[PDB]
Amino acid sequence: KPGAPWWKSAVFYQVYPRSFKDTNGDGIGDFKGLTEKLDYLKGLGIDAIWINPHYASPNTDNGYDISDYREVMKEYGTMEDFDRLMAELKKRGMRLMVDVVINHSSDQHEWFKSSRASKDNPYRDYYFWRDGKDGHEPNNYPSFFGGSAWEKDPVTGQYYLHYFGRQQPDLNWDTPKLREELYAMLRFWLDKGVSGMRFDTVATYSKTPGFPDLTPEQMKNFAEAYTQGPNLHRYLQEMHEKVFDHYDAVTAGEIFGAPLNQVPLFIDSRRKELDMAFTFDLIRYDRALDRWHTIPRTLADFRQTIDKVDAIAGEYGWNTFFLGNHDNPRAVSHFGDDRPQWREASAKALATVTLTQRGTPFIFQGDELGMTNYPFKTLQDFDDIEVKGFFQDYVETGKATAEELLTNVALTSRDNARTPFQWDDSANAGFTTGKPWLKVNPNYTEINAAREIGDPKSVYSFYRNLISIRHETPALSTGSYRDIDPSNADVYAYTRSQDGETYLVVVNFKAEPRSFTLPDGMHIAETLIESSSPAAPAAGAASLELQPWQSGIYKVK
């Protein structure tokens, strides 16, 4: 003692409700579906669930465009269903983390309908309204979802700001009354017993006074420029002081776009801002600036990025660790090898990495099954507004052909992570009895929960066993982290240590046999678990012979 907070040793599971489990045949997942599957998650060993936005929403961005912060999304159920989900999680000693989207609201939110009525409306300053310049928009800000970040509203002739979709106007945190409304809203959910909140694009809350144009340089990486608002930390510290200081909920911020060196300002516990951070340096380590092309990287880049992110946590900060989420391609497809002969092996290898990283691991729904990217055939197979945005910015402008967009976005699209969870091999993998909102991956015939749960050699069983091991081994949670050799592009090896106990994690990222020599003086003591291994090393081993994609966790001496 002091002991570590429950969130530092917990294993979280991210549920994208819309695609988890449908119970009424409309093809959309819902609260009753998630509730019916809590035993599944409890059995896997999950301590807490983070659910994507579940509030009233027109769904132009699947929940991230909120029209009423105190009502549940019609598609997911009623408040009664949300309350029941809460109660069932508690009966199982599980915690719930909800998504908080307060960088912007839906343009259907009552605040916006009011704001847009006139320049003198009491809600005018709840958003950003500005006069155009030189015949066009206020400045050159681009939107993440296509075109300008400024939309003209003829009702007043001014433009309103939207970093994301035109139906997601940005909230004006410079307005005290708006901040107070957001705080009351957070208390509304916190009073219901919510255990955590994940703050969507938490680094963009502060806008730059005067909205000057982005420089040519900033334009190439506008995501970073939007995180440089001068009042950001003041706002975060105020929110902590006014809200979180009065509850025992964990806060996690999605720091997208921010330079890694600034992350400590968000998570250093002494600053009283956020408890932990979701960074994207790793998950986007091979993504081009335009966000739809990929750039070839090696394990050397992968581990060096992890090393830099871990270092940033220092002694008072804390990181979450994830290899996938609802905005990125599937982990095994992105970091592993999803070819049939290597999918399971690499998926287990990635699981070992995830569950042995320093920080709070988040498992995205389906990754415990080894789900893969989807085989998109036409641009119409994508539902995502972001893909429509790339079409607008790159195809309609003649920068790329529709075929080039398809070829590339098929590998990076958010829709890859949004296909229905594959429960079994019944119609539409047991996700729905109706027509799914997004097509189920045809590989559900071999990749599904029912098939993996009863098989000791499945990806699921491996995740389950890793989660047990993590729970029983303190060092694998809060222990220190040290990369054995940052320049090695074949075998990822590192140690986790705490209170004199040290563990070695070794993962072969190559589809070929490789060798690993332990550091001078270090020797294998015991083997906790291995995947794709014919035999464990013998006690005292000073080196290991690795099979393709083999992974293992060992106690060393």
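Just count from 1 along the sequence shown to find any residue number. We call the rigid core the largest set of C-alpha positions that still match within 1.5 Å between the two forms.
- After superposition on the rigid core, the larger root-mean-square Cα deviation in 4 other deposited structures of this protein belongs to 216-224, not to the other of 216-224 and 417-425.
- Here the stretch with the larger average CA B-factor, out of 250-258 and 465-473, is 465-473.
- Per the PDB record, of the two stretches 169-177 and 305-313, 305-313 carries the greater mean B-factor over its C-alpha atoms.
- Taking the deposited Cα B-factors for 286, 404, 245, 275, the highest one is held by 245.
- Comparing C-alpha B-factors across 501, 65, 30, 47 in the deposited entry, the largest value falls on 501.
- Ranked within its chain, residue 10 lands in the middle third, by CA B factor from the PDB record.
- Residue 123 sits in the middle third of its chain by CA B factor, as recorded in the PDB entry.
- Looking at the C-alpha B-factors along this chain, the one for residue 237 belongs to the lowest third.
- When the CA B factors of the chain's modelled residues are split into thirds, the value for residue 76 lands in the highest one.
- Per-chain ranking of the deposited C-alpha B factor places residue 452 in the middle third.
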